[PDB]
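Since the structure comes first, as structure tokens, the remarks are kept for the end.
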Amino acid sequence: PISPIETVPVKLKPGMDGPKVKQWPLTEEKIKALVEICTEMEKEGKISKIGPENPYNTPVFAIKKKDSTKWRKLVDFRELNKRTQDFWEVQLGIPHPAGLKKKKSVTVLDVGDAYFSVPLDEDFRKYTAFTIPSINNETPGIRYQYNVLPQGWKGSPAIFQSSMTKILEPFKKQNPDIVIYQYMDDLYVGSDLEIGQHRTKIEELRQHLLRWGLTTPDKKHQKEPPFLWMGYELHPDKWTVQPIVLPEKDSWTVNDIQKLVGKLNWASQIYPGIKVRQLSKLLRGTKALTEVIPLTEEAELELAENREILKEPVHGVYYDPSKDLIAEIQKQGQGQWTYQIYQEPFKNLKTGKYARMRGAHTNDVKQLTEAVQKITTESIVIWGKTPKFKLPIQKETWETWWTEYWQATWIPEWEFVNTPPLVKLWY
Amino acid sequence: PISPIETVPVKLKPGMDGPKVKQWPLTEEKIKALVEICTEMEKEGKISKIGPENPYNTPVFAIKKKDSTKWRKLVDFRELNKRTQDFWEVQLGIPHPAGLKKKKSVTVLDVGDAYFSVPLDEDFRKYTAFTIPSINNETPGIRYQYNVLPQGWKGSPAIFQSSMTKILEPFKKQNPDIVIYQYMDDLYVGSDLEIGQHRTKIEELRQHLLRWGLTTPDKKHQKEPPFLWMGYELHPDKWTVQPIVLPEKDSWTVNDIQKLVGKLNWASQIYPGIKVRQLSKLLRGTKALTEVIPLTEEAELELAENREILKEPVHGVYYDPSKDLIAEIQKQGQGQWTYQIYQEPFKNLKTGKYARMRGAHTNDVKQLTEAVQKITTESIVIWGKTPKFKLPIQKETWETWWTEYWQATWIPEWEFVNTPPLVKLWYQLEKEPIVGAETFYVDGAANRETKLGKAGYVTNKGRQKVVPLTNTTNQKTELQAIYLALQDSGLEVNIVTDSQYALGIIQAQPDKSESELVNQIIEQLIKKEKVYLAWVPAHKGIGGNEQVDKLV
Ligand SMILES: CCc1c(C)[nH]c(=O)c(I)c1Oc1cccc(/C=C/C#N)c1
Ligand SMILES: [Mn+2]
């Protein structure tokens, strides 16, 4: 806009220094993109060009949010975050409503565009610096630094939190049962209204924002449903399952009781009381593998009992909010992916399984990235904080292609993994 | 002379104050020699006499490294740098030729006295203080400080290029055609016009720069086509590296080998075939710079294989943004792959190799993928895009491995090439056991301390066997075992192991390996008609193990 607001002074952590992260190499297509986007921002004052006395740097990517005919700039403030909002997790911490996961329909609104109005503390600016790349190293990166609260930076919501709760006030007044969590550029309006009335209450809210603080969200559909139209409605209350299910069968064999003594034996690590010596003893012999054998009646009390210790959850499993959440995903096959979200080995706080298209646009990567954004968003709703993904995939391939099907404005933390061995039998 | 450019303001790391290091006098003949130069310097404005207030100091030196003519000034600024704030990394990369545009006329330009031509942050000058010594060591002191980018300071190359860019901005805009790579003191101008108008633009540029203290080659763009540049032979329609001569002795040391291999890689950009598995496969666990390293048989042959290649000359072609980038890969053998990128079947934009991970049992498919990956990255850095791949693998052999493979993988678009060897699966394991198949409950176990072991089995059909082994390990034995099951089993077999490790290895499908044994095994899986390996828990879990775990 054109309104000089005072500037919330920002300080990084104790004896911490700005981020100096390498800017990954992009496609000419994407350079060209960013180039224009920035050429514009500079034109709107949102950003500025720097000199070489700015040692700092944070990576930038180009993506398409709503598939749209045009791109979005996605700055990866992941490092600058740890070096700041982690004291803008305190100095300005945003509290997480433990009941939003409880609503029936959580819709998500993009508000990151409010920020662009608040000028950024001059002394901090030097840290928001990013660099638009060159191809084959001809010219030197184009250098920019922010003059307004940036987007991927968690210091932005934090600072805005004031203007926000204000705007959202003569609305939580009216609608008091709706819960509204703000996590970065995303608003998370949750309700219990009937699918459609809710969808209405949203547009209601959405129009309020626009009416009130000029804060603009977005229109999903153009009121035109091409059989391929959404809006982003989440339904948390229906988020539980117990995928771990011993097989159900009439006739068993050595191979079958065996593969079973395995998965079962291995569950012991995660489920307190389940021994299986009387069921497994039925194997102590060197019988053929195809050989069919009936399940001892005596032992079957274990299959029975265990079949049941696999209906009722674990115990000493609580949420440590000092610890960070870890999400392990496994390639399942035919477009299906299993995932656990834990904190301490074998004490999961949730388990799911994405899948969206078996063999059409079936591309390991695209799937993985979409599953990553799902697992994320869920947790952002359940615990108000994103996990760190142990991703089953080659570091470089991932680094090359994630930006391809990514549509989130935030980015989590990840690391690549050795191999899910006997852990695949979690289907 | 000095430019009207504004100055990049510099600061010293937090809390640090300028450097104070007094000058060690000596060689009074030099002592005047400095003042001699320094004078024609302050004259030109590069420095200035300073009142004894606010002084600091850095070591002043005078030397003559050449065919004697001019004594030269030297100001080791280390302790100064040590105190100067960090800057923006200067392009610590080099425009790779493979991605340069076949241009019509190309001119290079040696900006003279670069650093000196650009001023220095008014309030950071103090710290550039020094002092030429006394005639007699009684300190009359000749005080000076820099008003330009001091020859060896930290923040110099940065701010130089910083200034170079700004300066070139209007021009690169007043004439959008002309391309200009800038590197250090050099300027590489490229254009698609006639030597007449190209030569005329230079002058424009050349004179535009001079309006900002930047002087250029007076012999009107002194260009030496082709240019020996950063280890590259740059012609206006081909590129290479000339000084590629690899030495032959009869006594090689860790050091000599290093140098050799390095050179051998560099060659790779363009010489189809350079292999290197053998020579580097020598430098291990031992990092003794000057230690006598006995050349190996393969090293000698590989070194020989490279010579015949290198012996002959091979050129490179530039990039046509108009066509499509094609990259093709061929598999050498000992875990080696080579490839080359093109747009024309005889031409080549660049070439290169890829070597397997250094330590694991791998796979020709995974590798082929690891390769396709490498190139995709390289390709992005150089040209701006990805290339179409021509791979020695059938869409069916691939889609089968990724659909089996526990890990995500997205290989861009490729087409099949029938040029062998052909990547493939040398054996698939049965998903469900074999009815009518013999069941071998294999097992191993070695004495860790005594280094002795045992590998054996016990079949359903009553057949047993316990073979002794020496210098083995829990794992060695646990494969030693399977190998046994496959050795005594009929064309169809079911094997049961208590070791995820042994399983896992095989389960991977390695076709080659640095493990005589695993090869002993791979070779036998292939001969089999149908193999079913399955895993059962170790000690508590004791299926048919009650029999194996014991004896063995
Ligand atoms: C002649 C090669 C060339 C090509 C193919 N295309 C260009 O646009 C330019 I400028 C080039 O000149 C260059 C490129 C890289 C370095 C130099 C400087 C040479 C030296 N010393 C000149
Ligand atoms: Mn064993």
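Please note that chains go A, B, ... in the order of the structure tokens, that every chain numbers its residues from 1, and that ligands are numbered from 1 in the order shown.
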
- Please report as a PyMOL selection string which residues of chain A come no farther than 7 Å from chain B, using only C-alpha atoms. chain A and resi 25-28+51-55+135-140+258+262+280+283-290+331+333+363-365+392-393+397

- All residues having an atom within 6 Å of ligand 1 (only C-alpha atoms and all ligand atoms) as a PyMOL selection string: chain B and resi 100-103+106+108+180+188-190+227-229+234-236+318

- Can you tell me which residues come within 6 Å of ligand 2 when counting only C-alpha atoms and all ligand atoms, ideally as a PyMOL selection string? chain B and resi 443-445+498-499

Store the residues of this selection in a file with C-alpha atoms, as a short mmCIF file (atom, residue, chain, number, x, y, z; two decimals), in the first residue's frame.
data_model
loop_
_atom_site.label_atom_id
_atom_site.label_comp_id
_atom_site.auth_asym_id
_atom_site.auth_seq_id
_atom_site.Cartn_x
_atom_site.Cartn_y
_atom_site.Cartn_z
CA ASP B 443 21.83 -70.83 8.30
CA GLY B 444 25.18 -69.52 9.28
CA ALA B 445 27.12 -68.59 12.37
CA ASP B 498 17.10 -66.09 9.60
CA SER B 499 19.09 -63.09 8.35
#

- Message: Among segment 281-341 of chain A, which ones does DSSP assign to strand (DSSP E or B) (computed from the backbone)? Answer as a PyMOL selection string.
- Response: chain A and resi 292+326-333+336-341

With a cut-off of 9 Å, could you pull out the residues of segment 91-193 of chain A touching segment 75-82 of chain A and give me the nearest pair of atoms for each, distance in Å to one decimal, using only C-alpha atoms, ordered by chain and ascending number, as CSV?
residue,atom,partner,partner_atom,distance
A:127,CA,A:80,CA,7.7
A:128,CA,A:80,CA,8.0
A:130,CA,A:75,CA,7.9
A:150,CA,A:75,CA,8.6
A:151,CA,A:75,CA,7.4
A:152,CA,A:77,CA,5.4
A:153,CA,A:77,CA,5.5
A:154,CA,A:81,CA,6.2
A:155,CA,A:81,CA,7.7

Could you please take those selected residues and save C-alpha atoms as an mmCIF file, in the first residue's frame?
data_model
loop_
_atom_site.group_PDB
_atom_site.id
_atom_site.type_symbol
_atom_site.label_atom_id
_atom_site.label_comp_id
_atom_site.auth_asym_id
_atom_site.auth_seq_id
_atom_site.Cartn_x
_atom_site.Cartn_y
_atom_site.Cartn_z
ATOM 1 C CA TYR A 127 18.583 -11.056 6.073
ATOM 2 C CA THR A 128 15.628 -11.545 3.719
ATOM 3 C CA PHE A 130 17.532 -13.916 -2.080
ATOM 4 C CA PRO A 150 8.171 -11.615 3.542
ATOM 5 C CA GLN A 151 5.996 -14.644 3.033
ATOM 6 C CA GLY A 152 7.721 -17.863 3.867
ATOM 7 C CA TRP A 153 9.136 -16.143 6.960
ATOM 8 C CA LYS A 154 7.430 -17.061 10.221
ATOM 9 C CA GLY A 155 8.193 -13.630 11.575
#

- Message: Excluding residue 352 of chain B and its own-chain neighbours fewer than 4 positions away, which residues fall within 6 Å of it when counting only C-alpha atoms? Please give them as an MDAnalysis selection string.
- Response: chainID B and resid 268:269 338:339

Those residues with C-alpha atoms, as a short mmCIF file (atom, residue, chain, number, x, y, z; two decimals), in the first residue's frame please?
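What landed in out29.cif:
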data_model
loop_
_atom_site.label_atom_id
_atom_site.label_comp_id
_atom_site.auth_asym_id
_atom_site.auth_seq_id
_atom_site.Cartn_x
_atom_site.Cartn_y
_atom_site.Cartn_z
CA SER B 268 36.32 -36.53 -19.67
CA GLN B 269 34.25 -33.46 -20.60
CA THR B 338 29.87 -42.97 -19.84
CA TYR B 339 27.60 -40.67 -21.80
#

- Which polymer residues have any atom within 9 Å of an atom of residue 167 of chain B, counting only C-alpha atoms, with same-chain residues fewer than 2 positions away left out, as a ChimeraX atom specification? /B:5,162-165,169-171,208-209,212

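Between atom CA of residue 208 of chain A and atom CA of residue 410 of chain A lies a distance of 24.9 Å.
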
Run DSSP on the backbone of this structure and report the residues of segment 74-193 of chain B it assigns to helix (DSSP H, G or I), as an mmCIF file with C-alpha atoms, in the first residue's frame.
data_model
loop_
_atom_site.group_PDB
_atom_site.id
_atom_site.type_symbol
_atom_site.label_atom_id
_atom_site.label_comp_id
_atom_site.auth_asym_id
_atom_site.auth_seq_id
_atom_site.Cartn_x
_atom_site.Cartn_y
_atom_site.Cartn_z
ATOM 1 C CA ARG B 78 45.679 -10.815 5.950
ATOM 2 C CA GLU B 79 45.267 -9.359 9.439
ATOM 3 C CA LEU B 80 43.051 -6.695 7.818
ATOM 4 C CA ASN B 81 40.862 -9.160 5.930
ATOM 5 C CA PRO B 97 31.849 -24.136 -22.788
ATOM 6 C CA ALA B 98 29.332 -26.882 -23.572
ATOM 7 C CA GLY B 99 26.672 -24.219 -22.954
ATOM 8 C CA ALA B 114 40.741 -3.172 -12.332
ATOM 9 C CA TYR B 115 40.710 -2.950 -8.546
ATOM 10 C CA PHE B 116 42.664 0.318 -8.480
ATOM 11 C CA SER B 117 40.273 2.077 -10.873
ATOM 12 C CA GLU B 122 35.456 6.737 2.364
ATOM 13 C CA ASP B 123 35.108 5.655 5.996
ATOM 14 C CA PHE B 124 36.911 2.364 5.661
ATOM 15 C CA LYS B 126 41.767 4.374 7.601
ATOM 16 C CA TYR B 127 42.227 0.627 7.988
ATOM 17 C CA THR B 128 44.209 0.541 4.752
ATOM 18 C CA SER B 156 37.963 -6.423 -3.359
ATOM 19 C CA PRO B 157 36.895 -8.819 -6.143
ATOM 20 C CA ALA B 158 33.354 -8.493 -4.799
ATOM 21 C CA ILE B 159 33.000 -4.733 -5.021
ATOM 22 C CA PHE B 160 34.967 -4.786 -8.294
ATOM 23 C CA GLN B 161 32.454 -6.951 -10.112
ATOM 24 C CA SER B 162 29.798 -5.062 -8.234
ATOM 25 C CA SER B 163 31.051 -1.977 -9.928
ATOM 26 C CA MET B 164 31.636 -3.645 -13.277
ATOM 27 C CA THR B 165 27.998 -4.733 -13.501
ATOM 28 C CA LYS B 166 26.428 -1.346 -12.680
ATOM 29 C CA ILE B 167 28.728 0.276 -15.214
ATOM 30 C CA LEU B 168 27.723 -2.180 -17.943
ATOM 31 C CA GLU B 169 23.985 -1.989 -17.165
ATOM 32 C CA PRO B 170 23.110 1.001 -19.348
ATOM 33 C CA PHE B 171 25.193 -0.334 -22.220
ATOM 34 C CA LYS B 172 23.828 -3.907 -22.020
ATOM 35 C CA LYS B 173 20.474 -2.146 -22.308
ATOM 36 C CA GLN B 174 21.374 0.551 -24.868
#

- Message: If we count only C-alpha atoms and set the cut-off at 10 Å, which residues sit around residue 419 of chain B, ignoring sequence neighbours fewer than 2 positions away in its own chain? Please answer as a VMD selection string.
- Response: chain B and resid 330 391 to 393 416 to 417 421 to 422

Go ahead and dump the residues you just picked, N, CA and C atoms, as an mmCIF file, in the first residue's frame.
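New file out.cif:
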data_model
loop_
_atom_site.group_PDB
_atom_site.id
_atom_site.type_symbol
_atom_site.label_atom_id
_atom_site.label_comp_id
_atom_site.auth_asym_id
_atom_site.auth_seq_id
_atom_site.Cartn_x
_atom_site.Cartn_y
_atom_site.Cartn_z
ATOM 1 N N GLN B 330 25.995 -45.072 -22.169
ATOM 2 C CA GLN B 330 26.483 -46.385 -22.525
ATOM 3 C C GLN B 330 27.136 -46.924 -21.258
ATOM 4 N N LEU B 391 18.258 -44.243 -23.753
ATOM 5 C CA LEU B 391 18.823 -45.237 -22.859
ATOM 6 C C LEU B 391 18.728 -46.696 -23.274
ATOM 7 N N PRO B 392 19.829 -47.434 -23.056
ATOM 8 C CA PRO B 392 20.029 -48.857 -23.345
ATOM 9 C C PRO B 392 19.167 -49.760 -22.479
ATOM 10 N N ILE B 393 17.928 -49.340 -22.266
ATOM 11 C CA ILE B 393 17.001 -50.119 -21.457
ATOM 12 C C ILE B 393 15.588 -50.051 -22.033
ATOM 13 N N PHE B 416 14.278 -45.987 -26.266
ATOM 14 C CA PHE B 416 15.174 -47.131 -26.268
ATOM 15 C C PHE B 416 16.224 -47.045 -27.368
ATOM 16 N N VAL B 417 17.395 -47.594 -27.078
ATOM 17 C CA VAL B 417 18.499 -47.636 -28.020
ATOM 18 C C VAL B 417 18.992 -49.068 -27.960
ATOM 19 N N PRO B 421 26.145 -53.143 -24.476
ATOM 20 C CA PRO B 421 25.353 -54.125 -23.715
ATOM 21 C C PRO B 421 23.944 -53.611 -23.417
ATOM 22 N N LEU B 422 23.040 -54.518 -23.067
ATOM 23 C CA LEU B 422 21.657 -54.148 -22.785
ATOM 24 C C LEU B 422 21.348 -54.260 -21.293
#

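Atom pair atom CA of residue 84 of chain A / atom CA of residue 10 of chain A has a distance of 8.2 Å (rounded to one decimal).
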
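Between atom CA of residue 16 of chain B and atom CA of residue 56 of chain B lies a distance of 13.0 Å.
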